[PDB]
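Visitor: Got a structure here, written out as structure tokens. Questions coming.
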Amino acid sequence: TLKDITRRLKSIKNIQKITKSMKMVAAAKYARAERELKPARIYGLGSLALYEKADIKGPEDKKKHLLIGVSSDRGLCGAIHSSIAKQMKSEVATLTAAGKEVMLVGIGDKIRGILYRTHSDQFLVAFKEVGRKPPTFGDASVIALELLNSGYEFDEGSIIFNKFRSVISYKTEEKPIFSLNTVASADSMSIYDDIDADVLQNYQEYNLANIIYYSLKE
Amino acid sequence: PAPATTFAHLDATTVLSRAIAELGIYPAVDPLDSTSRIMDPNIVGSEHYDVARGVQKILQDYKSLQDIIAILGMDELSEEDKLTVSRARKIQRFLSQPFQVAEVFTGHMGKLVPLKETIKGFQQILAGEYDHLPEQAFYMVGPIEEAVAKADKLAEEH
Amino acid sequence: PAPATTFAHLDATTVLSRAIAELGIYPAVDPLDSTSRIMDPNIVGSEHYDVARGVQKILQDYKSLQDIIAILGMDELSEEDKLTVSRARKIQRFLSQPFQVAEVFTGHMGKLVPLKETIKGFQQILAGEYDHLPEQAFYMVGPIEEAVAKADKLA
Amino acid sequence: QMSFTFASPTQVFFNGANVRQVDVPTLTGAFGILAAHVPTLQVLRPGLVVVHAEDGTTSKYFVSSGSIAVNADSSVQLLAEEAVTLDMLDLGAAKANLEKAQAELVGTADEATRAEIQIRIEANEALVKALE
Amino acid sequence: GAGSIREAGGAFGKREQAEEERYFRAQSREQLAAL
Amino acid sequence: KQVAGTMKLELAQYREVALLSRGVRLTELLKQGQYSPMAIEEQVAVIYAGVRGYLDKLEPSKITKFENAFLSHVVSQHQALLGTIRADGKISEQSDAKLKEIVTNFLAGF
Amino acid sequence: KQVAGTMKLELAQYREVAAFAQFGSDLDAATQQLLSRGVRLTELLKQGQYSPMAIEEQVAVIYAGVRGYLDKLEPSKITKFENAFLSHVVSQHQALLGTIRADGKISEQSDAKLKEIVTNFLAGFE
Amino acid sequence: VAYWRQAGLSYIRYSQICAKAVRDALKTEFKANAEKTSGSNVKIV
């Protein structure tokens, strides 16, 4: 039918125009994010140089585990939020199988919506308004606060994000988050100096906002 | 050829649409396809003409925004545009009206809205005077006072 | 006019499709266009009837999703939509079959599948008993055991 | 021998640079770092940060908070939350805000809120003292 | 072709209608309870 | 007329958002086997059991099952209520409460 | 010709980038400027029924448009401005309109006088 | 153990206040661009 074909042609031409405009916007936002990544990659990894040099290994015997999953509030990303959700579900199962009581955090509404149904009891805090504006250290400093003012002393932790490799390639990576008792009781932290359980509390807290900010920029 | 030839013999065409009747809006008058030769500011007054043109313009803008809504979804619209879509849906419902002859089709009572009441109600919807009321408050009502009363009842129920 | 007039004279119609043939599915029978008048539970049994109806329903669901799949890609579907697409593509490939008269231009031996084997295999693909096998393991096989064997050989 | 790394959430002042000395305002009192310095890790308070390049020239910044970590391989990582060069600040706003916070301190009565006042007080005092 | 996507019907027009109705039934709920 | 006005409104509102579960239950209530035409009182009773809430907990795949079972139940024991609804044309509050108890006791038993 | 070559080029660029409206706030400043100038010139072309304009007033209005003197004004006022400004140029500036009508062109004296009239009315506009 | 720790604060908070006051003492030539690059927009749910 000529009218059916005309209607469908019109609809699909409009779809094409809208997707072209959205691509142009996303390519504008991708720049000024690959530029803001270079300093945030030097500053972010510079936070984790200690736990690599001192070689903190984390406690393989503790029970309370925290799992932060970083995504955004917007959709149409493709396989971004699906990957993050796949890694959180896999790690929740592996940890609960060992009896470790897991709590979940979702930085972004997409990761919360994908996980709230099947994992609602395992959930501590979620966040919103990510993605519309580029993430800043004001965002990380907030997320860190409402993680410390939560009454949930996690014996260990993990953060899940999409490590950016190239315009085509990204990989879902994961970085640890050590509690105070892990860093203090480590044998290799004896070589460090003027260290008490107070300077390790301030340092751990500031490195909780340094790995949340690093994730948000990746 | 028959309707296309008839079009040039009329002074005020009213075009009913199936896409509108399937929304549940009656009468199914297509607002962006109906025409009248007395839709002239020097004839119906500048207020009537301005209200009519504003209604038609916001409905055309709603049409233009529905594509973006299909692609992006609703949550990624500008706030001016969410306001446009809200007022457009409200105007769509308010153009509906229960008829005295359709009392069997709807169970509703017939309403005969005066002209000034129509102009005033649509001006008030376009101005934002009813952004707080739901859209189902304007479905099958007469004057705008009935929309307010229906919203109050719909709230008092739940 | 000629096929449209012939349609009313037949008790069972098998409608082949060029779109289905170009996908490599042979015979190219269109599952959403072929009908029969003995497809009635009182004639074929409620099990056969329900399996056939479920196959047609899931194929129709996939056909409905085709547009969103084609433009926005596979990533924008729900998990239930992805599951029904996976099962529907497996069922599509399983509807294909090597013919004994078609060996001479494909070399593959022709399979003749009994009715109970067909009902059982499609019932199992519908129930979700092969959601782990690759969809190319159902292509050009006979019964479902050959599908499992092909999936093994692929790995 | 020392590989310095001075950064901010948005700026990298140094990266693996080979400097000779670095002065930092730790919460447990200042100290200057040279090569082979004993491994330590600390968190900063508002104050200057002076960097001595091998050529005997001295750069001065001003960090607001952050963390320092001298390591066993003589590699320093100084990560400040807000790092500004000295010339980007003015003395008037420093002294002005110091008075307002001092005013709010005598006025306040709640413990927690008073600490936040004091924190902002010492924030300014180190501003005026570091400026001139 | 301003309403071409929802005038053609089909998946992209039936999903648009569903999204609109979802959003505005949410808003009508959060508008009635505030009355 | 009474039960079908409600069913029509609910099915319209379900075709708008495709409550979702209620519209589902109703759409599966519309389905019907071939050469099995129902009486008007049984039709009314089933539309009632679907529209007054008495199906909103069952599984969709069981609805149909429930339906025929339910029908058998009524047509085995409640010929008085069905004759009442048929001869009256409408459903009085007496018949309303009677079949309320009927459907409640059944949905408990089922 | 003077004003219309510019108007045509600008409206063409606007038509090229006009699909990017509904997202304009998330592109370059050049794209947002294209969109702004395009909508200003679009509203500049609306006209009432049975009210044809003389060529001199059309030229003055398109001059105010394509020279940038409507970028600071927001779109919902353009039409209104276009009316008031017109009255102004009709009342107190018959000399410039008559000189443009007699010359057929905008000479440098005409150009400068148009410039001053436009900027004065715009600065003194509500 | 500093005083604000006895008060119940955290180095995230101590760092926010400190980084804030250092942003206000900026001259106005730099105060705007530095408040933009370091503002917070996330919202707990």
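By convention in this document, the chains of the structure tokens carry letters A, B, ... by their order, each chain's residues are numbered from 1, and ligands are numbered from 1 in the order they are shown.
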Which residues of chain D have any atom within 6 Å of an atom in chain H when counting only C-alpha atoms, and what is the closest pair of atoms for each, with the distance in Å to one decimal? Order the rows by chain and rising number and write it as JSON lines.
Guide:
```
{"residue": "D:64", "atom": "CA", "partner": "H:19", "partner_atom": "CA", "distance": 5.1}
{"residue": "D:65", "atom": "CA", "partner": "H:15", "partner_atom": "CA", "distance": 5.3}
{"residue": "D:82", "atom": "CA", "partner": "H:19", "partner_atom": "CA", "distance": 5.7}
{"residue": "D:89", "atom": "CA", "partner": "H:26", "partner_atom": "CA", "distance": 4.6}
{"residue": "D:90", "atom": "CA", "partner": "H:27", "partner_atom": "CA", "distance": 5.8}
{"residue": "D:93", "atom": "CA", "partner": "H:25", "partner_atom": "CA", "distance": 5.1}
{"residue": "D:94", "atom": "CA", "partner": "H:25", "partner_atom": "CA", "distance": 5.3}
{"residue": "D:112", "atom": "CA", "partner": "H:7", "partner_atom": "CA", "distance": 5.3}
{"residue": "D:115", "atom": "CA", "partner": "H:4", "partner_atom": "CA", "distance": 5.4}
{"residue": "D:123", "atom": "CA", "partner": "H:18", "partner_atom": "CA", "distance": 5.6}
```
Visitor: So that I can see what lies close to residue F:24, please list as a PDB file with N, CA and C atoms, in the first residue's frame the residues with an atom at most 9 Å from it, counting only C-alpha atoms and leaving out residues fewer than 4 positions away in the same chain.
Guide:
```
ATOM      1  N   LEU F  11     -10.021  -2.452  29.812  1.00  0.00           N
ATOM      2  CA  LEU F  11      -9.264  -2.944  28.666  1.00  0.00           C
ATOM      3  C   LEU F  11      -8.739  -1.793  27.819  1.00  0.00           C
ATOM      4  N   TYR F  14      -5.794  -0.557  29.683  1.00  0.00           N
ATOM      5  CA  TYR F  14      -4.685  -1.495  29.549  1.00  0.00           C
ATOM      6  C   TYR F  14      -4.030  -1.386  28.179  1.00  0.00           C
ATOM      7  N   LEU F  19      -4.315  -0.733  35.133  1.00  0.00           N
ATOM      8  CA  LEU F  19      -3.148  -1.488  35.572  1.00  0.00           C
ATOM      9  C   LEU F  19      -2.781  -2.551  34.544  1.00  0.00           C
ATOM     10  N   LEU F  20      -1.487  -2.860  34.462  1.00  0.00           N
ATOM     11  CA  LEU F  20      -1.014  -3.821  33.474  1.00  0.00           C
ATOM     12  C   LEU F  20      -1.499  -5.229  33.795  1.00  0.00           C
ATOM     13  N   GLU F  28      -6.770 -12.252  28.882  1.00  0.00           N
ATOM     14  CA  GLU F  28      -6.841 -13.707  28.930  1.00  0.00           C
ATOM     15  C   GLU F  28      -8.239 -14.194  29.294  1.00  0.00           C
ATOM     16  N   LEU F  29      -9.060 -13.337  29.896  1.00  0.00           N
ATOM     17  CA  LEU F  29     -10.453 -13.688  30.138  1.00  0.00           C
ATOM     18  C   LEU F  29     -11.278 -13.642  28.859  1.00  0.00           C
ATOM     19  N   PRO F  60      -1.188 -15.910  35.125  1.00  0.00           N
ATOM     20  CA  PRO F  60      -1.831 -15.831  33.803  1.00  0.00           C
ATOM     21  C   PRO F  60      -2.046 -17.188  33.159  1.00  0.00           C
TER      22      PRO F  60
END
```
Visitor: Run DSSP on the backbone of this structure and report the residues of chain F it assigns to alpha helix (DSSP H), as an MDAnalysis selection string.
Guide: chainID F and resid 2:16 20:30 40:51 60:77 79:88 93:109
Visitor: Find, counting only C-alpha atoms, the residue in B:74, B:38, B:104, B:95 that gets nearest to chain F.
Guide: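 Among B:74, B:38, B:104, B:95, it is B:104 that comes nearest to chain F.
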Visitor: Would you work out the distance separating atom CA of residue A:64 from atom CA of residue A:122, expressed in Å to one decimal?
Guide: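 Atom CA of residue A:64 sits 11.7 Å away from atom CA of residue A:122.
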Visitor: Which residues in stretch 6-194 of chain A does DSSP call strand (DSSP E or B)? List them as a PyMOL selection string.
Guide: chain A and resi 64-70+101-107+125-128+156-164+170-178+193
Visitor: Residues of the last selection are to be written out with C-alpha atoms, as a PDB file, in the first residue's frame.
Guide:
```pdb
ATOM      1  CA  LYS A  64      30.895  -7.628  55.422  1.00  0.00           C
ATOM      2  CA  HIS A  65      31.400  -6.581  51.801  1.00  0.00           C
ATOM      3  CA  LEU A  66      30.432  -3.412  49.933  1.00  0.00           C
ATOM      4  CA  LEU A  67      29.971  -3.261  46.163  1.00  0.00           C
ATOM      5  CA  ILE A  68      29.782   0.060  44.313  1.00  0.00           C
ATOM      6  CA  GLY A  69      28.599   0.010  40.717  1.00  0.00           C
ATOM      7  CA  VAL A  70      29.210   3.110  38.612  1.00  0.00           C
ATOM      8  CA  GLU A 101      26.937 -10.268  53.749  1.00  0.00           C
ATOM      9  CA  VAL A 102      26.991  -7.955  50.722  1.00  0.00           C
ATOM     10  CA  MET A 103      25.550  -4.460  50.434  1.00  0.00           C
ATOM     11  CA  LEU A 104      25.136  -2.716  47.091  1.00  0.00           C
ATOM     12  CA  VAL A 105      25.515   0.889  45.971  1.00  0.00           C
ATOM     13  CA  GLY A 106      24.511   2.233  42.588  1.00  0.00           C
ATOM     14  CA  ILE A 107      25.914   5.532  41.323  1.00  0.00           C
ATOM     15  CA  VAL A 125      22.275   3.671  49.002  1.00  0.00           C
ATOM     16  CA  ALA A 126      21.836   4.779  45.408  1.00  0.00           C
ATOM     17  CA  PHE A 127      22.508   8.105  43.738  1.00  0.00           C
ATOM     18  CA  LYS A 128      21.001  10.137  40.920  1.00  0.00           C
ATOM     19  CA  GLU A 156      36.195  -4.701  52.459  1.00  0.00           C
ATOM     20  CA  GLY A 157      34.824  -3.276  49.253  1.00  0.00           C
ATOM     21  CA  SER A 158      34.921  -3.104  45.489  1.00  0.00           C
ATOM     22  CA  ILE A 159      34.044  -0.609  42.779  1.00  0.00           C
ATOM     23  CA  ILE A 160      32.889  -1.573  39.284  1.00  0.00           C
ATOM     24  CA  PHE A 161      33.237   0.792  36.339  1.00  0.00           C
ATOM     25  CA  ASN A 162      33.935   0.785  32.598  1.00  0.00           C
ATOM     26  CA  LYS A 163      37.653   1.363  32.105  1.00  0.00           C
ATOM     27  CA  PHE A 164      37.924   3.378  28.904  1.00  0.00           C
ATOM     28  CA  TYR A 170      35.960  -0.224  26.905  1.00  0.00           C
ATOM     29  CA  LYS A 171      36.293  -2.865  29.605  1.00  0.00           C
ATOM     30  CA  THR A 172      34.426  -3.408  32.861  1.00  0.00           C
ATOM     31  CA  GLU A 173      37.231  -3.235  35.416  1.00  0.00           C
ATOM     32  CA  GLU A 174      37.130  -3.409  39.191  1.00  0.00           C
ATOM     33  CA  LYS A 175      39.201  -1.862  41.969  1.00  0.00           C
ATOM     34  CA  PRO A 176      39.324  -2.772  45.671  1.00  0.00           C
ATOM     35  CA  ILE A 177      38.380  -0.606  48.644  1.00  0.00           C
ATOM     36  CA  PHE A 178      40.182  -1.443  51.885  1.00  0.00           C
ATOM     37  CA  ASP A 193      56.056   6.117  59.335  1.00  0.00           C
TER      38      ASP A 193
END
```
Visitor: Got a sec to pull out which chain B residues are within 12 Å of chain A, counting only C-alpha atoms, and send them as an NGL selection string?
Guide: :B and (64-78)
